[PDB]
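Numbers restart at 1 for each chain; the letters A, B, ... are given by sequence-line order, proteins then strands. Every heavy atom of this structure was used, including side-chain atoms; hydrogens, water molecules and symmetry mates were not.
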Amino acid sequence: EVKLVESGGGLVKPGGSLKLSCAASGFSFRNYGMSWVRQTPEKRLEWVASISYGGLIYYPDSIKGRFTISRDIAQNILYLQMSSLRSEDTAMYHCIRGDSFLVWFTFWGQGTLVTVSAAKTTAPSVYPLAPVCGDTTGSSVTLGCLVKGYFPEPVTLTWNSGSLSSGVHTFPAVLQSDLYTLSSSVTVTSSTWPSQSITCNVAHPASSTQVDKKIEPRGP
Amino acid sequence: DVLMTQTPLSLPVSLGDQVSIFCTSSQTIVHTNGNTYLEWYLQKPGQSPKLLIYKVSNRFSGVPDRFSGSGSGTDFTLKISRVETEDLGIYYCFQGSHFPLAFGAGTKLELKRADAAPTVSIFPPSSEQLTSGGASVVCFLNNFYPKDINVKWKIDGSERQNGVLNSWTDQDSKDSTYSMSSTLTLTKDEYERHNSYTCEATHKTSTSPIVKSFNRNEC
Ligand SMILES: C[C@]12OO[C@](CCC(=O)O)(c3ccccc31)c1ccccc12
């Protein structure tokens with residue numbers, strides 16, 4: 001069974017270096033061409049580098065000079081030396097086996113994540129989002145939760161510990177300034193809240209954070 | 001270099017539908033050995049990309065008979081004869097006939113459904129954040145369809161294009177709609193320098209924007 005497993009990905013400061021590895025199984029590097037391909041946060045796929053079964057190496061000019069691909073045929077391990085790293089280099093890296101002059105990327109590994117950033121482990125700021133008096137005059141009510149400035153990703157947000165599951169929209173985290181910010185919204189019947197308790201539970205494993213924020217109606 | 005251009009970036013479909021996704025190369029892509037290394041990949045949410053078609057029209061072993069590839073010159077096409085729920089995700093084309101090898105931006109296969117006006121909710125800074133000296137004004141434009149939407153902020157009547165962070169959810173797996181959050185981040189002092197905060201959503205369902213707002217002192 002062909003298998004490709006990427007390792008080495010992780011947090012790295014800009015201009016820094018990182019070595020990524022890729023242990024292969026089910027085949028020999030002397031019989032297949034290998035490549036590294038990355039998917040950026042924006043989901044854009046980018047060819048990083050490749051090495052033919054014969055050892056020939058190719059890089060696009062953007063990676064040329066900064067990254068270096070090599071392989072251990074005996075131990076069947078593909079490598080990717082990364083240096084002069086930049087935030088654009090932040091992506092999921094996949095090693096891929098292809099069939100010589102047939103298919104470039106026939107088989108992909110699940111990938112290893114490389115995050116280039118100067119940020120330091122920062123716990124998030126969790127704030128309860130209560131409705132304005134003009135939005136609470138209907139049959140339903142939407143509540144929210146703002147999880148601001150944390151690092152690194154990710155955080156785990158739930159409502160009433162997961163008790164509150166339907167009508168929820170937890171939005172993808174975005175960079176506010178080398179730090180992540182996320183928000184979640186939950187919509188329930190007006191008779192559900194404030195009549196019944198609703199709490200936002202946010203955890204941030206990297207900072208050993210686990211905070212709870214109960215949404216309280218506004219007003220003096 | 002050869003650039004690959006995919007269209008559309010979003011293809012709303014109904015199950016059972018016959019579909020065609022396109023990929024355009026900035027120039028001809030024939031390897032000196034005569035082969036055309038045009039490949040098609042499908043990446044399912046949460047998974048790595050998987051090969052569908054190689055060398056323009058060769059369906060990869062194990063890939064369903066409903067997928068097929070074709071094209072010539074600078075025009076290439078991926079076809080799905082009868083779309084299934086499992087086919088949903090993003091399709092990518094790739095050219096490897098000339099270096100540097102290049103990928104297309106991708107086409108997202110999404111589900112069609114009835115138009116849906118967004119439910120707009122505005123939330124003034126929390127007292128907790130205010131206390132720490134911050135002022136985030138959030139707005140949610142939820143469960144709308146189609147996915148295309150514009151959000152405009154106004155502070156004391158004047159538009160605020162600066163200092164806004166937006167995020168979008170993927171199509172809801174339950175009602176197939178879309179949601180988006182918009183956060184205007186200010187400072188405690190800045191926020192206290194104005195009274196009216198408005199969030200306006202422009203959806204193909206409204207033209208005349210859905211408007212939601214509050215006053216720092218009154219509701
Ligand atoms: C899988 C593959 O085998 O041989 C090539 C070219 C070999 C060459 O240009 O010298 C190649 C060309 C076209 C499709 C697949 C490949 C190659 C180079 C590098 C990594 C992988 C490959």
- Over all heavy atoms of both residues, which pair between B/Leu11 and B/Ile21 is shortest? Give the atoms and the distance, please. CD2-CG1, 4.1 Å

- Task: Indicate, with yes or no, if the rings of B/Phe123 and A/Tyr127 have centres closer together than 6.0 Å.
- Result: no

- Query: Would you say A/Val188 and A/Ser140 make side-chain contact, with heavy atoms under 4.5 Å?
  - Reply: no

- Hey, does the side chain of A/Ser190 reach the backbone of A/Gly138 with a donor-acceptor pair shorter than 3.5 angstrom? yes

- Message: Would the distance check show the side chain of A/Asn160 and the main-chain N or O of A/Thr199 forming a donor-acceptor pair, the cut-off being under 3.5 Å?
- Response: yes

- What heavy-atom pair brings B/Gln95 and B/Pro100 nearest, and what distance separates the two atoms? NE2-O, 3.0 Å

- Task: Please name the residue in the list B/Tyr178, B/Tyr145, B/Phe144 that meets the ring pair (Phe, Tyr, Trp, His ring centres under 6.0 Å) test with B/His203.
- Result: B/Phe144

- Without swapping roles, check the side chain of B/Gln171 against the backbone of B/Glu110 for a donor-acceptor pair under 3.5 Å. no

- Message: Working to the nearest 0.5 angstrom, can you tell me the gap between B/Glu39 CD and B/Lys55 NZ?
- Response: 10.5 Å

- Are B/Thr24 and B/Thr5 close enough that a side-chain donor and a side-chain acceptor fall under 3.5 Å? no

- Message: Would you say the rings of B/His31 and A/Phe101 are close, in the sense that their centroids are separated by under 6.0 Å?
- Response: yes

- Other residues, nucleotides, ligands: >12 heavy atoms within 6.0 Å of A/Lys213 NZ: yes

- Task: Determine, for A/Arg44 against A/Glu42, whether the closest basic-nitrogen to carboxylate-oxygen distance falls under 4.0 angstrom.
- Result: yes

- Pairwise side-chain contact, A/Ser70 with A/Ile51, heavy-atom cut-off 4.5 Å (strictly under): no

- Message: With a 4.5 Å cut-off on side-chain heavy atoms, are A/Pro152 and A/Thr115 touching?
- Response: no

- Query: Just by distance, do the side chain of B/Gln27 and the backbone of B/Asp1 share a donor-acceptor pair under 3.5 Å?
  - Reply: yes

- Do B/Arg160 and B/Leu186 have side-chain heavy atoms sitting under 4.5 Å apart? yes

- Under 3.5 Å: donor-acceptor pair, side chain of B/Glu84, backbone of B/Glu86: no

- Message: The test is side-chain contact (heavy atoms from CB on, under 4.5 Å); show your working for B/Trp153 and B/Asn162 and say whether it passes.
- Response: CA-CA 9 Å; B/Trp153 284 93; B/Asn162 220 299; over 6 Å; no

- Where the side chain of A/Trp36 meets the backbone of A/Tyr79, is there a donor-acceptor pair that is under 3.5 Å apart? yes

- Note, A/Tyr180 side chain near A/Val155 side chain (heavy atom, < 4.5 Å): no

- Query: Mind checking whether A/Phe27 and A/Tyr32 have parallel, tilted or perpendicular rings, split at 30° and 60°?
  - Reply: perpendicular

- Are any side-chain N or O atoms of A/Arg66 and backbone N or O atoms of A/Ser84, one a donor and one an acceptor, separated by less than 3.5 Å? yes

- Parallel, tilted or perpendicular: which describes the rings of B/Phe94 and B/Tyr41, with under 30° parallel and over 60° perpendicular? perpendicular

- Check whether any side-chain heavy atom of A/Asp89 sits under 4.5 Å from a side-chain heavy atom of A/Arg38, and report yes or no. yes

- Query: Would a distance-only check, ignoring hydrogens and angles, find a side-chain to backbone donor-acceptor pair under 3.5 Å from B/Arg59 to B/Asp65?
  - Reply: yes

- Query: Donor-acceptor pair, B/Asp175 side chain versus B/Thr177 backbone, under 3.5 Å?
  - Reply: yes

- Message: Which heavy atom of A/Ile69 sits nearest to which heavy atom of A/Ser50, and what is that distance?
- Response: CD1-O, 2.8 Å

- Heavy-atom pair of closest approach, residues A/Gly111 and A/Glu6: N-OE1, 2.8 Å

- SB check B/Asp148 B/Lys204 (cutoff 4.0 Å): no

- Task: Dump the intermediate steps for side-chain contact (heavy atoms from CB on, under 4.5 Å) on A/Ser117 and A/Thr90, then the final yes or no.
- Result: CA-CA 8 Å; A/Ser117 189; A/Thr90 295; over 6 Å; no

- Between A/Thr106 and A/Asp99, does any side-chain donor sit less than 3.5 Å from a side-chain acceptor? yes

- Look up atom CG in B/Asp172 and atom CZ in B/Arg113, then write down how far apart they are to the nearest 0.5 Å. 9.5 Å

- Does a sphere of radius 6.0 Å around NZ in B/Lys154 hold more than 12 heavy atoms from other residues, nucleotides or ligands, not counting ones at 6.0 Å or beyond? no

- Message: Between A/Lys148 and B/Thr183, is there a side-chain heavy-atom distance shorter than 4.5 Å?
- Response: no

- Task: Give the intermediate values and the outcome of ring-ring contact (aromatic ring centres under 6.0 Å, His included) for residues B/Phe60 and B/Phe67.
- Result: CA-CA 10 Å; B/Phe60 187 46; B/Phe67 299 89; over 10 Å; no

- B/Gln6 side chain to B/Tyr91 main-chain N or O, any donor-acceptor pair under 3.5 Å? yes

- Where do A/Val114 and A/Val12 come nearest, in terms of heavy atoms and distance? CG1-CG1, 4.1 Å

- Message: Which label fits A/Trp47 and B/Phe99: parallel for a plane angle under 30°, tilted from 30 to 60°, or perpendicular past 60°?
- Response: tilted

- Task: Show your reasoning for whether ring-ring contact (aromatic ring centres under 6.0 Å, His included) applies to A/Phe105 and B/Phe103.
- Result: CA-CA 11 Å; A/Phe105 311 134; B/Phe103 283 103; 5.6 Å; yes

- Message: Is there a side-chain contact between A/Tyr93 and A/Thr112 in this structure, where contact means two heavy atoms from C-beta onward sitting under 4.5 Å apart?
- Response: yes

- Message: How close do A/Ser21 and A/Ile77 get, counting heavy atoms only, and between which atoms?
- Response: CB-CG2, 4.2 Å

- Task: Assess the side chains of A/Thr158 and A/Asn201: does a donor N or O sit below 3.5 Å from an acceptor N or O?
- Result: yes

